Amino acid sequence: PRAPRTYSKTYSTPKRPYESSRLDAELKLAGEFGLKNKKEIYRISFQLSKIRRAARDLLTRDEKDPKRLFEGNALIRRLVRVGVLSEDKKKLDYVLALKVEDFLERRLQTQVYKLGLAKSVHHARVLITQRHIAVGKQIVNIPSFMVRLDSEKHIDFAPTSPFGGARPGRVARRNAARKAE
Amino acid sequence: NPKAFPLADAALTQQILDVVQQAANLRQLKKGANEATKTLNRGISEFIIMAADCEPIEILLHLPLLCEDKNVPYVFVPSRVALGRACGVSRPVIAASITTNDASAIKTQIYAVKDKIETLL
Amino acid sequence: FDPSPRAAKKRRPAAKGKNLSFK
Amino acid sequence: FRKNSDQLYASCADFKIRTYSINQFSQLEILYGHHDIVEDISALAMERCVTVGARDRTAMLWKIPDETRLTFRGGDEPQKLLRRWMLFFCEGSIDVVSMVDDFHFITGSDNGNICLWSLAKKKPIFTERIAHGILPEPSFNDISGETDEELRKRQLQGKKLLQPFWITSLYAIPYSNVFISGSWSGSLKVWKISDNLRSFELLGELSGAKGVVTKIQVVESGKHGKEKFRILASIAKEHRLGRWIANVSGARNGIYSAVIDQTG
Amino acid sequence: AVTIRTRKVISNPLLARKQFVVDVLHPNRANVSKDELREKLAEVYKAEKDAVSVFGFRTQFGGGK
Amino acid sequence: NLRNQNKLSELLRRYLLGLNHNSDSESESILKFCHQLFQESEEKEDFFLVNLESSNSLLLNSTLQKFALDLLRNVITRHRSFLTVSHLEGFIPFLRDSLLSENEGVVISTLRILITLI
Amino acid sequence: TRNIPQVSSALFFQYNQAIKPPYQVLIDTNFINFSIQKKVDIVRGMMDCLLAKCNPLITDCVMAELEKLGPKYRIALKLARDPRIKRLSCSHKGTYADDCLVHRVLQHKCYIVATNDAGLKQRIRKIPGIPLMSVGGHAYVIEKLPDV
Amino acid sequence: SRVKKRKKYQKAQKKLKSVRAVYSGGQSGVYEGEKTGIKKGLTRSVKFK
Ligand SMILES: [Mg+2]
Ligand SMILES: [Zn+2]
C-alpha cells in the first residue's frame, strides 16, 4: 500500500485542569484575546512548553558547543521572526522567559483589533472569518494565523471586501433595491 | 545652555520621526502645542517632541516646564518642517505628543525611543 | 612545490516568458 | 508609462502599485510590498518599474513578468562617515527615483543624498551627500524674542539647526550618462555618470529656476549627430505633496525652460 | 481584464514542444476557461489552437489568480 | 602555573640563542624590533541570565620586557657598531623604567645592559 | 482604627498574574535537607521543574536555623551559601522561620514557597495566589502555578 | 462557546471592582471629590509585623 502520512497532536490536556488559579487564568486569557475554548490555550501552552524545554536542554550544553550554537541560533531566529522575541533579547535566557501572552499577541485576531480595523477582538474574529482581512495580497480567514514582523504592516481590507472597495454586500444592495422600488 | 535642550542627534531624530509616523497612523499622536499641553494636564502623554527651529522658540517653552513637573520625557528635533511631515499633516508642527496606550501595536517602538530620550536628559 | 577537462559551458535558456492581456 | 507602450504604472498612497492598460482602459494588477506611501515611480522599455517608499527608506524594483521584486536599502550612518573622515545628516525618506538604465537607477532623499544604484548590489554603489547644499540658517531676529543679540545667537545653537535641501525632482535621460536634479535651492544641477557607471560628477548648473522644482522633463530635436536638448521643469511656490516648505523668497509659479546645445 | 503569463519555459525537442507554467490573473472574474486560454496562448506563441494544451488549473484561495 | 612559566622561560631562551645565529642580528631592524617590544610591554540583567556555575597581563608584560632587554644586550655586544650613544639613546627611558620593575629577573638584565653601557 | 488589608492588585481572583518568569523562590530549611537526600541540585532542580530561571532566596531566619542544626548538616550550610542564592534581611525579633515565610508572602505576592513541612504547607495553601514547591520522589513538584 | 466566555469575562471584571479598587484611567474633568464618601477610621494598608 501507499506510504503512511505523518500526523501529530497540537495540544495536550493540562496536568490538573481543575486548579482554581488555572481556571481563572484561562478565563482571563480567553476574555482578553477572544478565544473560543480551552483547546486553543492548551495548544499554545503545548507549543511554548516544547520551545522552553528545547531552550533549557540547549542551555544545559556547554557554550560554543556546535549543537547548542546551531539549534539555539535557529530557535532564536524563528522566535524573532514571528515577533515573540525582541531583537535586543537574542539569547536563550530570554527564550526561557517567554509566556503564552507573547504568542497570543501575534495572532491575526489580536493584530486586526490593535491596528484599528476592528473595535473588539470578537469583531476582529468575525471580520477574519468572514473574508474581510488580507495579509498582503492573500485573503486569510484563520484567526490563529501568526503574523510575522514583515507581514504586520501589510494587514488591510481585502480588495473583494465591501469594506475594501468592492460593491456592497447582499444586505446593502437588497435594501437599496427595496428602497428604490 | 541653549533654551532648546536636549536636542536629538541625526541618528536619534530619525527614530523619533519614525515612531511619530506610526503613532499618527494608529491615532496615537496629538499634534500642536495646545493639544500637547492638554495631554500633559490629563497625564496621557508618553513623551513630547518639540521643534528647536520654532520662530520664536519661546511659544513652546511652557511644555518643558509642564513635562519636568510631571516627569514626562521630552526632546527637541532640529526642524519643524520635518516634524510636520512625519506627523502626517500638511503643515509644519512645532510640538507633538505620543498618547499613552498599553494596548497599542507600536508599544515596543515607543518605549525604545522613550528610553533613549531619558538617557539624553 | 605543490603537486596540485572543462565542463560544458552553461547556456542561457532558449525560451522566456510571454505575457498578454485581453478584454 | 512604460516606454513605447500603453502600460501605465500608478503608485498610490495605500502602499500599493497599480498597473493599467490604457488601450483597454482596464486595471491589470496590484503590487504589494511597500511599508509606506509609494512616492515616486519610474519605468523604461522593459517592464522593470522601480519605486521608492519614502519613510521606509527602501527602493524596490518590480519584475512584473517574473512576479518578483528586488529590495534596495541605503544603510548609511553618520558615525562611520565621520570616523572615516577623521555635517552628515541621516536619511529620512526617499522621495524621487529615475531609471538611468534597465540595470541602473538613481534616487534622491530628504537629506540631500543622490545615490546611484545597481541591480547587482543591494547597497548604493555611489553617493553624493548634500547635493543641493544646506538650507539658509534661520534669522536670529526670529529665533527668539530676546532684546540682546548674543542671547538670540545662542538659540541658533551654532550649526546644529542647519538642515539640507531635499531633492524634490530627479530625472535621468533614458540610456544616457546625464541626469538632472532639482530642489528649491534656486538652480538645476546637471550631473554626468562615469563611463564604467560607478560614479558621477557635477556637469554644471542652471540658476534660472527659482522655486520648488516639482518635476523635470527633457526633450531633444535635430539630426542624430547634432541634437538640441530642452529641459522643461515645473516650478511652484510649494511642495507638491504638502505646504510644509516655508515660502521661498522670489519663488514663482511657472515653467522653467533651458535649451542646451552640443558642440565639440 | 485578464492577464496570462508563462514561466519556467522549457523547450523539449524530445517531445517536440514547449512546456511552461501558466499564471492567469482574472480580477473580478470566476476563472478563465481552458478554451479561451488556449486561444490566447495560440495567438501569443503563433501556433495553431489544436497544438496548444492546457491543464491542471487551480484557483488561489481568495480568488483572482 | 609556575612550572609552565619555567617552561616558557626556557623556550624564550632558546629563541634568544636562535637570534644570535640569525643574519638579522647584524642588521639595524633588530634595534627597532626591540623598541617595539619595549613600547608594547609598557542587576536586572542578572535577574534573567541563567547561571550554571557554582590577572596575567602584568606577567605577560614582564615576559616581553625581559625578552626585549635580553635581546638588546646580546645584539649590541655581538655587533660593536650598535654599541653607540646615538643608537641606544632611545632605550634609556625604558632602562630607567626597567630598573624600577618589581621582577628581579628583568632588573638583572637591566643591570647587565647598564654595565655594558657604562 | 480598624484595619482591613487590601487585596493585592497582582491577583485576579485565585489567579496570581504577577508571578512570571524568572521566578523568585523562598527556601525553607527542610527543603535543602530533603534536596541533599534526593541528590537534587537546588538551581537545576528548580529550572527543570519550572523550565525557567529561578532566583532562590534565603532569609536570615532560615540561615539561622541552618547554622543551629549542627556539624551534621555542614553540607546544607555550604550549599545555602552558594553565591547564586541571594539573601533577604529580617527586621523582626523571632527567629522562627515558618512565621517569617508566611508573613513575607502575605506582604508581597511575588514569591514561590519551597518547603516540605506539612504544617507550613497547609498555612500557605490558605493564602491565595501563592505557588507551593516541594521535593517529592526524584525531583521538585509545583502545585499552584498555572504556567506549567 | 466564544460568546459564553465573553460574557463570563466581563462579568468577572465587574466583580473585581467590588473585591478591590481598580485603576480606571484616572481623573476625567474637574475634580468633583470622592463620590462614595471618605471613611475616617478605616485603614487598608498592609502592615508589616
Ligand atoms: Mg467574496
Ligand atoms: Zn525573618
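In chain E, numbers come from Swiss-Prot; the residues present are 4-68, in order.
The deposited model was determined using electron microscopy, 3.0 Å.
The backbone N, Cα and C atoms fix where each Cβ goes, and this holds for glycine too.
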Ubiquitin cross-link according to Swiss-Prot, picked from E:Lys21, E:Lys43, E:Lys49: E:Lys21
Candidate annotated as phosphoserine in Swiss-Prot, where the set is E:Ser36, E:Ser56: E:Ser56
Near chain C - the recorded positions E:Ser14, E:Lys21, E:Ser56, filtered by Cβ distance under 8 Å: E:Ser14, E:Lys21
Mapped DSSP class for E:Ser56 (phosphoserine), helix or strand or coil: coil
Least surrounded among the modified residues, given as E:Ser14, E:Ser56, when other CB atoms within 10 Å are counted: E:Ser56
Inter-residue Cα distance where the pair is E:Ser56 (phosphoserine) and E:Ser14 (phosphoserine), in Å: 15
Alpha-carbon spacing, E:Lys21 (ubiquitin cross-link) to E:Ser56 (phosphoserine), which is rounded to whole Å: 10
Neighbourhood of ligand 1 - recorded positions from E:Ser14, E:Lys21, E:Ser56 with Cβ under 6 Å: none
